[PDB]
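Okay, structure first, notes after.
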Amino acid sequence: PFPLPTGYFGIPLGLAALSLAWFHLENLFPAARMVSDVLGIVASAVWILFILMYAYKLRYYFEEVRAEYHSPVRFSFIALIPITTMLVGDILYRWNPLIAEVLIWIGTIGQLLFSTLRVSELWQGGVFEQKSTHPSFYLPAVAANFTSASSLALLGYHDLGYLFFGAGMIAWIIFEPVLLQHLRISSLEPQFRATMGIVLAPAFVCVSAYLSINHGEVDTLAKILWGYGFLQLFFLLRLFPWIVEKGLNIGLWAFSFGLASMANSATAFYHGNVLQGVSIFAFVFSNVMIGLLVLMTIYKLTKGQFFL
Amino acid sequence: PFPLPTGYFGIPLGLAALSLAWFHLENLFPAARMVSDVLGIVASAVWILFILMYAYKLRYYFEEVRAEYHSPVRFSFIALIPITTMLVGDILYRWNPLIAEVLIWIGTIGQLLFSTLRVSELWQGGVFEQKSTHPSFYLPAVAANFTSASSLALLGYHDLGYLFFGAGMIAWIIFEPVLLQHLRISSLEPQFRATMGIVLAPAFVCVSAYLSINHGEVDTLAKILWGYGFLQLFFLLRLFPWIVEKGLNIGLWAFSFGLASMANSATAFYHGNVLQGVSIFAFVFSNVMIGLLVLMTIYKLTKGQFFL
Amino acid sequence: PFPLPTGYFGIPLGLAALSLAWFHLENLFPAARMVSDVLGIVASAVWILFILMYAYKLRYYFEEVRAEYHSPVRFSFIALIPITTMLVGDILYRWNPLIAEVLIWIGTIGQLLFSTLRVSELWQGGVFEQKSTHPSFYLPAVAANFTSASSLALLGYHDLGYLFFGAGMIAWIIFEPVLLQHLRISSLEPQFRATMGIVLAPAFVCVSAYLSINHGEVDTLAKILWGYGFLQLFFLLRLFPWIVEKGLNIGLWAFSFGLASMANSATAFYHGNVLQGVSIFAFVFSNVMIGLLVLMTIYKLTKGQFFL
């Protein structure tokens, strides 16, 4: 088997999202820029390492790549590649705008092409089963579009960012009903439970993208999106003992994207002098949770329980 | 069996919502305040009586309480307690702001805790079944959040009201698809048919909460929400002979919350000089329907067919 | 077997929608008015012919009419009559406002009554099956409401137009989740595949109606709706070889309404100096595709493969 699962890209993804969240606090906190730089450098290094490993997988393990691509449930994790590329481009935009733009456009084209080729192929039917409605399906249809929207808005194409953000938002509102119904009805196998953290992602990722597109102006839509995001956060907080029933694992990084988007939208809200205490608590909670995830990952690396 | 079903709290709920709807007409009609006071006093008295009965149930009939709480379909009716508490607090806010604030906060905390503890356990799966997707599921996930949003906005916490309103709105949009699909596919047993009136609730409750949060400004969102609410109202009007196929019962109070929210949003629309004729018709229709419900309830009390 | 299927009304519907799309370009081009006039006259003539055919069907083949109406899947195509009536009224509004208003009101009342009588009757259940969740269900619940909203906004009743637009939009958001889940799970049979083009309709029809109601002001909602519409457009472009797996047929006119709404919203966007290149490409693509559909229909008529 391939040592690095395609789902391990959540590590650089979460680190990059938290790096941007810290970057948003440059003016208010002098060491915020240094913390963001450290997080972004670590995320970029990890992403480069994982991209080299995945290129090796394509060169020598193409059978596994095709098996995961054609699998109706495991294909969604391939969307973590363009998302992480877009986030790393967002990070590099603070230093070298040209390479940042190149990475952002490569990631946008890659994720859009992947969604067009695969997510649309499911409509043929037969391969997608009622038991394949997993939270990981958000990544190609929802998370990728939101990340592309935010990245493009960062480059100055707000209208295109609005298009991508709307695609992501409506895809999320269109897929979540069936996902939650399946979770209520068919439960979820213990191995796939850790991916439930992605249910926290779309609500906060959407508001983060919206605040990035419209210059961080806190509309009514941003407040509504936080309302739903915090409802989902409470639901998943009550369920965490059930999610980790079989013990902690690297699969808990699925919460990383949601927590980092929560932190970013929290900085956006605090800048706007709206719900300041809630924003501070959300930022602290997300940072502490991602720090615990980092500590757990380092522990797993030390004990060798990281790679497969 | 306990003489008072948990679903009988719709009586004080509907009466309180209609009381607030009338209250919103303080300046236009001199007798609106008197009518609102009478309705609110009756609703508060009935709510106090029912709360005493439910405390008795907890003290002596805790097995039934545990059975309904753990039931995947009957748990949603326990959410009528905090909703009625918040509505009674809204009523009392006209007389005793401190007691009203206390009741509103108790109701908000109670409903949020109930949704966190129960509506999220369903995601574990195995207890919720495709035949348990009933209209009553709106109460803990949708109606409670909207009522908390409106109550908080009445206290002055608009941003928190916006958060709760968004939670409720997105929960409604996420749950209605599967609910309507189940209704189309699996029908609904005659005993649970009267609860179909809750399908009317979310569309009008959402617009009522929105108009309460934003100072009763008739935005485009309010018009859209009335569009959907009136579509659902026509759908349920065409189905009423089917809903009461087995005869009228106290379960028809499920329409009470929807009709009262329709009346409240109608007052809000009329104040804003938007669709005055439609607003007048909606207000009259809601008042007449709730009056018919009150007459039916009084007749059942006289006949002795009210308590179980 | 009546020669003209009820689903052939998409021809006058698509032609009329494209006629309005061209009509929106009077001032920019000199020949736009002439092209719109030609398209509208052809659409009106075809609609009159089809309405005479359907009146003949009702007078002599009422059994087929009653069979399609009571069929849970074939009933949705009866909604093409009021939709095409409203579109033809929109066309005639440029020449004779009184007859245009009469046609728009007749179509609005007809579609609303049909949705109330039939779409609501499904909630009784037992006739609608999980395999009856076809894309054609958009027509009575979604497309009709949007067309009524746009036509009413043309007459000057913006608030009523907003009500109808909101009804249609929320109905679309509430139905699409289960429709897409059904498409993913169970393959659409080859004969029903051509109707997949209706999946492209709601996203663009919604934005067209929104831009018509609000005087063609490109709002954030319009950009979001284009985002989703273009996502669906790419999904269906990737699937087209599968949709026509068994050969081209008149059922491909299902794409006509979506493409015409695309063209209309493209004119609206270009007028507003928003994404001019994307708008031009969308307009050209929609016009070319509808022209190809027209050529295919002409060839089928020449070969005698049009009527049943």
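Residue numbering: from 1, along the chain as shown.
Cβ coordinates come from backbone N, Cα and C, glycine included.
Residues or ranges marked as site 'Important for gating' by Swiss-Prot: A:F257. Look at Swiss-Prot and you will find A:24-30, A:214-219, A:271-275 tagged as topological domain 'Periplasmic'. Residues or ranges marked as topological domain 'Cytoplasmic' in Swiss-Prot (evidence: a curator's inference): A:55-74, A:123-134, A:186-189, A:244-249. Swiss-Prot lists A:3-23, A:31-54, A:75-93, A:97-122, A:135-155, A:158-185, A:190-213, A:220-243, A:250-270, A:276-302 with the feature transmembrane segment.
Cβ neighbour count for A:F257 (site 'Important for gating') (all protein chains, 10 Å cutoff from its Cβ): 31. Where the transmembrane segment (A:3-23) meets the stretches A:135-155, A:158-185, A:190-213, A:250-270, the count of C-beta pairs under 8 angstroms peaks at A:250-270.
Between the transmembrane segment (A:220-243) and the stretches A:31-54, A:97-122, A:135-155, A:190-213, A:276-302, Cβ pairs under 8 Å are most numerous for A:190-213.
Per-class residue totals from DSSP over the topological domain 'Periplasmic' (A:214-219), listed helix then strand then coil: 0 helix, 0 strand, 6 coil.
Under DSSP, A:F257 (site 'Important for gating') is assigned to a helix (H, G or I) in the three-state scheme. The stretch with the most CB contacts under 8 Å to the transmembrane segment (A:135-155), chosen from A:97-122, A:190-213, A:250-270, is A:190-213. Tallying C-beta pairs under 8 angstroms between the transmembrane segment (A:190-213) and each of A:31-54, A:97-122, A:250-270, A:276-302 places A:250-270 first. When the stretches A:31-54, A:97-122, A:250-270 are ranked by Cβ pairs under 8 Å to the transmembrane segment (A:276-302), first place goes to A:250-270.
Remark: secondary structure over the topological domain 'Cytoplasmic' (A:123-134) totals 5 helix, 0 strand, 7 coil, with classes taken from DSSP.
Sequence-distant neighbours of the topological domain 'Cytoplasmic' (A:244-249) (same chain, 6+ residues past either end, Cβ-Cβ under 8 Å): 190-191, 193-194, 296.
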